[PDB]
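Here's upload.cif, which has mmCIF, C-alpha atoms:
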data_target
#
loop_
_atom_site.group_PDB
_atom_site.id
_atom_site.type_symbol
_atom_site.label_atom_id
_atom_site.label_comp_id
_atom_site.auth_asym_id
_atom_site.auth_seq_id
_atom_site.Cartn_x
_atom_site.Cartn_y
_atom_site.Cartn_z
ATOM 1 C CA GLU A 296 0.000 0.000 0.000
ATOM 2 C CA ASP A 297 1.454 3.321 -0.917
ATOM 3 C CA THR A 298 -1.747 4.764 0.361
ATOM 4 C CA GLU A 299 -5.475 4.208 0.466
ATOM 5 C CA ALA A 300 -6.144 7.798 -0.634
ATOM 6 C CA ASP A 301 -5.750 9.675 -3.911
ATOM 7 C CA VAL A 302 -6.381 12.975 -5.491
ATOM 8 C CA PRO A 303 -8.800 12.804 -8.440
ATOM 9 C CA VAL A 304 -9.935 15.737 -10.501
ATOM 10 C CA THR A 305 -13.104 17.103 -12.319
ATOM 11 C CA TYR A 306 -14.350 16.825 -16.028
ATOM 12 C CA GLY A 307 -12.941 18.940 -18.796
ATOM 13 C CA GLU A 308 -15.243 20.649 -21.258
ATOM 14 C CA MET A 309 -15.502 22.358 -24.640
ATOM 15 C CA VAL A 310 -18.023 24.183 -26.847
ATOM 16 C CA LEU A 311 -18.336 25.648 -30.324
ATOM 17 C CA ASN A 312 -18.448 29.364 -29.664
ATOM 18 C CA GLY A 313 -16.783 32.186 -31.526
ATOM 19 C CA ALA A 314 -15.378 30.913 -34.804
ATOM 20 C CA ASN A 315 -16.179 27.272 -34.106
ATOM 21 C CA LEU A 316 -19.889 27.953 -34.312
ATOM 22 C CA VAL A 317 -19.636 29.902 -37.563
ATOM 23 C CA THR A 318 -17.592 27.337 -39.476
ATOM 24 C CA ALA A 319 -19.581 24.430 -38.043
ATOM 25 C CA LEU A 320 -22.824 25.682 -39.570
ATOM 26 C CA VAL A 321 -21.232 27.418 -42.599
ATOM 27 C CA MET A 322 -18.159 25.469 -43.621
ATOM 28 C CA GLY A 323 -19.369 22.350 -41.828
ATOM 29 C CA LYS A 324 -16.257 21.770 -39.714
ATOM 30 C CA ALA A 325 -14.655 22.629 -36.393
ATOM 31 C CA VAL A 326 -11.381 22.467 -34.487
ATOM 32 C CA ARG A 327 -10.239 22.544 -30.880
ATOM 33 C CA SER A 328 -9.436 26.129 -29.928
ATOM 34 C CA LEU A 329 -9.655 27.647 -33.376
ATOM 35 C CA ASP A 330 -8.991 30.979 -31.693
ATOM 36 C CA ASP A 331 -5.632 29.649 -30.529
ATOM 37 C CA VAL A 332 -4.786 27.914 -33.806
ATOM 38 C CA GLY A 333 -5.928 31.001 -35.674
ATOM 39 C CA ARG A 334 -3.912 33.371 -33.500
ATOM 40 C CA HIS A 335 -0.751 31.307 -33.761
ATOM 41 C CA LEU A 336 -0.992 30.813 -37.526
ATOM 42 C CA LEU A 337 -1.544 34.487 -38.320
ATOM 43 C CA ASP A 338 1.013 35.734 -35.791
ATOM 44 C CA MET A 339 3.512 33.206 -37.113
ATOM 45 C CA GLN A 340 3.894 35.105 -40.380
ATOM 46 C CA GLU A 341 4.357 38.360 -38.451
ATOM 47 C CA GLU A 342 7.448 36.960 -36.660
ATOM 48 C CA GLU B 296 -26.979 54.636 -82.332
ATOM 49 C CA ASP B 297 -26.838 56.193 -78.942
ATOM 50 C CA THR B 298 -24.120 57.846 -76.917
ATOM 51 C CA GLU B 299 -20.976 55.891 -77.316
ATOM 52 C CA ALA B 300 -19.779 56.259 -73.722
ATOM 53 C CA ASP B 301 -20.242 54.266 -70.672
ATOM 54 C CA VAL B 302 -19.875 54.601 -67.009
ATOM 55 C CA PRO B 303 -17.640 51.504 -66.936
ATOM 56 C CA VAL B 304 -15.883 50.232 -63.835
ATOM 57 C CA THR B 305 -12.552 48.665 -62.731
ATOM 58 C CA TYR B 306 -11.856 45.182 -61.272
ATOM 59 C CA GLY B 307 -13.022 43.616 -58.022
ATOM 60 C CA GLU B 308 -10.524 41.632 -55.967
ATOM 61 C CA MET B 309 -11.198 39.007 -53.318
ATOM 62 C CA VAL B 310 -8.450 37.979 -50.948
ATOM 63 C CA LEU B 311 -7.816 35.398 -48.308
ATOM 64 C CA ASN B 312 -7.241 37.161 -44.987
ATOM 65 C CA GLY B 313 -7.921 36.535 -41.348
ATOM 66 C CA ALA B 314 -10.714 34.061 -40.758
ATOM 67 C CA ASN B 315 -10.821 32.537 -44.213
ATOM 68 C CA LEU B 316 -7.046 32.290 -44.337
ATOM 69 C CA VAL B 317 -6.991 30.218 -41.154
ATOM 70 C CA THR B 318 -9.921 28.086 -42.234
ATOM 71 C CA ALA B 319 -8.521 27.681 -45.752
ATOM 72 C CA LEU B 320 -5.374 26.257 -44.196
ATOM 73 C CA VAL B 321 -6.954 24.366 -41.312
ATOM 74 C CA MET B 322 -10.332 23.398 -42.734
ATOM 75 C CA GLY B 323 -9.509 23.764 -46.412
ATOM 76 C CA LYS B 324 -12.687 25.654 -46.923
ATOM 77 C CA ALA B 325 -12.869 29.189 -48.033
ATOM 78 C CA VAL B 326 -16.001 31.276 -48.125
ATOM 79 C CA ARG B 327 -16.744 34.810 -49.346
ATOM 80 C CA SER B 328 -16.799 37.531 -46.702
ATOM 81 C CA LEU B 329 -16.775 34.938 -43.939
ATOM 82 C CA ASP B 330 -16.130 37.859 -41.606
ATOM 83 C CA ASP B 331 -19.444 39.375 -42.691
ATOM 84 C CA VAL B 332 -21.351 36.089 -42.747
ATOM 85 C CA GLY B 333 -19.940 35.307 -39.324
ATOM 86 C CA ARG B 334 -21.067 38.660 -37.948
ATOM 87 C CA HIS B 335 -24.699 38.196 -38.918
ATOM 88 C CA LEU B 336 -24.925 34.566 -37.815
ATOM 89 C CA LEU B 337 -23.487 35.424 -34.420
ATOM 90 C CA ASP B 338 -25.827 38.426 -34.387
ATOM 91 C CA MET B 339 -29.199 37.069 -35.454
ATOM 92 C CA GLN B 340 -29.307 34.610 -32.556
ATOM 93 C CA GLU B 341 -29.158 37.594 -30.177
ATOM 94 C CA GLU B 342 -31.976 40.125 -29.820
#
Go through the file and emit its structure as structure tokens.
Amino acid sequence: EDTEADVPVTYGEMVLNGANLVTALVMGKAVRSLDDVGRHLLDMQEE
Amino acid sequence: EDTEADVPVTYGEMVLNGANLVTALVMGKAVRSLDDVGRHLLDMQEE
């Protein structure tokens, strides 16, 4: 026995909100954290 | 034969920027004025 005790956590979560909602019902697709992916792709060509 | 002239225009250009650049790369889908279409769709579900 290391220990009868432990430290569990609570459920994650996600939704289609800002740009994920638009594309889902317009382009028909969606991505985890499109805001992030979008920020990092655009910024990446600004160095 | 009527007046030879015309009130002719120039050319209209459409570019990939911002939202539809990210989605064109990530989702491979491009759409016209996605920024405008996105505005209204996020609008019309709010009073």
Residue IDs satisfying the PyMOL selection byres ((chain A) within 7 of (chain B)), as a PyMOL selection string | chain A and resi 317+322+324+333
Would you save the residues of that selection, restricted to C-alpha atoms, as a compact mmCIF listing (two decimals), in the frame of the given file?
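Contents of again02.txt, freshly written:
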# COMPACT_ATOMS: atom_id res chain seq x y z
CA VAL A 317 -19.64 29.90 -37.56
CA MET A 322 -18.16 25.47 -43.62
CA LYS A 324 -16.26 21.77 -39.71
CA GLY A 333 -5.93 31.00 -35.67
Mobile chain A fitted to chain B over all in-order Cα pairs, reported as an mmCIF file with C-alpha atoms, keeping the file's coordinate frame:
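The new file superposed02.cif reads:
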data_model
loop_
_atom_site.group_PDB
_atom_site.id
_atom_site.type_symbol
_atom_site.label_atom_id
_atom_site.label_comp_id
_atom_site.auth_asym_id
_atom_site.auth_seq_id
_atom_site.Cartn_x
_atom_site.Cartn_y
_atom_site.Cartn_z
ATOM 1 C CA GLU A 296 -27.157 55.619 -81.483
ATOM 2 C CA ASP A 297 -28.002 56.453 -77.937
ATOM 3 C CA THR A 298 -24.426 57.490 -77.621
ATOM 4 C CA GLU A 299 -20.916 56.564 -78.644
ATOM 5 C CA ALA A 300 -19.674 56.891 -75.053
ATOM 6 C CA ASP A 301 -20.118 54.816 -71.904
ATOM 7 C CA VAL A 302 -19.039 54.607 -68.358
ATOM 8 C CA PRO A 303 -17.138 51.398 -67.540
ATOM 9 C CA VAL A 304 -15.714 50.505 -64.177
ATOM 10 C CA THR A 305 -12.612 48.762 -62.578
ATOM 11 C CA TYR A 306 -11.974 45.084 -61.374
ATOM 12 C CA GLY A 307 -13.281 43.775 -58.103
ATOM 13 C CA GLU A 308 -11.036 41.783 -55.807
ATOM 14 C CA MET A 309 -10.896 39.408 -52.846
ATOM 15 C CA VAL A 310 -8.380 37.642 -50.586
ATOM 16 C CA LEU A 311 -8.252 35.073 -47.808
ATOM 17 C CA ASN A 312 -7.280 37.135 -44.799
ATOM 18 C CA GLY A 313 -8.563 36.972 -41.259
ATOM 19 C CA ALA A 314 -10.640 33.841 -40.786
ATOM 20 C CA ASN A 315 -10.525 32.823 -44.437
ATOM 21 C CA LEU A 316 -6.819 32.123 -44.220
ATOM 22 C CA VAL A 317 -7.107 30.070 -41.037
ATOM 23 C CA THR A 318 -9.883 27.769 -42.226
ATOM 24 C CA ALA A 319 -8.364 27.447 -45.697
ATOM 25 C CA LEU A 320 -5.174 25.902 -44.336
ATOM 26 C CA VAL A 321 -6.772 24.247 -41.266
ATOM 27 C CA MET A 322 -10.294 23.206 -42.161
ATOM 28 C CA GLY A 323 -9.523 23.286 -45.877
ATOM 29 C CA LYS A 324 -12.366 25.596 -46.911
ATOM 30 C CA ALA A 325 -13.281 29.240 -47.383
ATOM 31 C CA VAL A 326 -16.222 31.569 -47.933
ATOM 32 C CA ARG A 327 -16.815 35.053 -49.286
ATOM 33 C CA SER A 328 -16.716 37.517 -46.401
ATOM 34 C CA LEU A 329 -16.664 35.015 -43.577
ATOM 35 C CA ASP A 330 -16.382 37.998 -41.254
ATOM 36 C CA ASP A 331 -19.751 39.214 -42.511
ATOM 37 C CA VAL A 332 -21.383 35.778 -42.523
ATOM 38 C CA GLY A 333 -19.893 35.118 -39.107
ATOM 39 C CA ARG A 334 -21.053 38.439 -37.680
ATOM 40 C CA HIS A 335 -24.579 38.048 -38.997
ATOM 41 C CA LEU A 336 -24.967 34.447 -37.831
ATOM 42 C CA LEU A 337 -23.779 35.105 -34.283
ATOM 43 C CA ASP A 338 -25.647 38.404 -33.941
ATOM 44 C CA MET A 339 -28.775 36.741 -35.295
ATOM 45 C CA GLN A 340 -29.201 34.681 -32.133
ATOM 46 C CA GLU A 341 -28.706 37.809 -30.011
ATOM 47 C CA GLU A 342 -31.744 39.497 -31.638
#
What does the distance between atom CA of residue A:338 and atom CA of residue B:319 come to in Å, to one decimal place?
->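 It comes out at 16.0 Å.
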Could you please determine the separation between atom CA of residue A:311 and atom CA of residue B:327 in Å, to one decimal place?
->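 Atom CA of residue B:327 lies at a distance of 21.2 Å from atom CA of residue A:311.
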As lines of an AutoDock Vina configuration file, please report the centre and edge lengths, rounded to one decimal in Å, of the axis-aligned box that holds all listed atoms of stretch 317-330 of chain A with 5 Å of padding on each of the six sides.
center_x = -15.9
center_y = 26.4
center_z = -36.8
size_x = 23.8
size_y = 19.2
size_z = 23.7
Distance of atom CA of residue B:328 from atom CA of residue B:308, expressed in Å to one decimal place |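 Between atom CA of residue B:308 and atom CA of residue B:328 the gap is 11.9 Å.
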